[PDB]
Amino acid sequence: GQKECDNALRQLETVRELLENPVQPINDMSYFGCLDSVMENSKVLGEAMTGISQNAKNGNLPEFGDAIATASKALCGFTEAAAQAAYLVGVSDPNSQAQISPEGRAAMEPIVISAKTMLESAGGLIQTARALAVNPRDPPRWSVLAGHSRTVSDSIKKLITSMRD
């Protein structure tokens, strides 16, 4: 029973070193990966704290050690996300300055292409709608309008998909 608590305290004072001065990337988690890790580890910690209290109350020491170890693992990943998220917050500040790596420019390109495609298609949609407003008796242009609306819909779906990961 004491070993599970001793090891948990040793791991907790080690993972706090990330929180002391986080000015460098801790891991490869995005800002959404950090929050998702916080949400999942919070649910794991919530049931782990429940198991800690109940098994200490019921004298169920084996399951108590499992709850202690589960809580330790949850708290470590909880801080790895908070440490990386704290790094991303200060770096994403408008008054900061950053040199963008080639792998960074390769990651923002799927967002730039999808947005520039949307303006190109939405422009042609407005150009087509400008003529349909004067003369809607134009079956070919309604096909062109539908074609641009299809490229707009795809460019937006691919833009949101590029940001959620």
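From 1 onward, residues are counted along the sequence shown.
Averaged over CA atoms, B-factors in the entry run higher in 96-104 than in the other of 54-62 and 96-104. The PDB entry reports B-factors from which the mean C-alpha value can be compared for 20-28 and 141-149; the larger average falls on 20-28. In the deposited entry, the Cα temperature factor of residue 83 sits in the bottom third of values across the chain's modelled residues. Ranked within its chain, residue 45 lands in the highest third, by CA B factor from the PDB record. When the modelled residues of the chain are ordered by C-alpha B-factor, residue 75 sits in the lowest third. In the PDB entry, a CA B factor belonging to the highest third of its chain's modelled residues is recorded for residue 39. In the deposited entry, the Cα temperature factor of residue 5 sits in the middle third of values across the chain's modelled residues.
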